[PDB]
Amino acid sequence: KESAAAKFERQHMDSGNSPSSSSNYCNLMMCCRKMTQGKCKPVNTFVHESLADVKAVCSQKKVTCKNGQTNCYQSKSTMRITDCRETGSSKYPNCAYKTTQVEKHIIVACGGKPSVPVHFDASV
């Protein structure tokens, strides 16, 4: 069971960060979205366009998947995204990320009915 001391640190301590930082985004979001549990996910992209716009990519340009499947689609336009990459100093359970604001085309794998994004393949 989590100690009261540890609970206080979790709920109330942020000694290592500035709340006015723009570059702490990946650190917080990777944590929030449960990609720092068990291991640090090394690479992850967050997309800031509307869910409708991202879903629409499944009806856009068919392209090669990095994994050779035939269900990938590239956005017709660039999208506002954030690239999160694990830093060289990052070591689980202290997962540290470089945040990069980018505007690139996204490539997603689509699946299901309706066909919706199920995997983020690449930004190009």
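Throughout, we count residues from 1 along the sequence that is shown. In this text, rigid core is short for the largest set of C-alphas that superpose within 1.5 Å between two forms.
The stretch that strays farther, by root mean square C-alpha distance over structures and residues in 6 other deposited structures of this protein after a rigid core fit, is 6-14, when 6-14 is set against 106-114. Stretches 67-75 and 93-101 differ in mean C-alpha B factor, with the higher average recorded for 93-101.
Relative to one another, 50-58 and 26-34 have unequal mean CA B-factors, and 26-34 is the one with the higher figure.
Placement of the Cα temperature factor of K39 within the chain: highest third of the modelled residues, per the deposited record.
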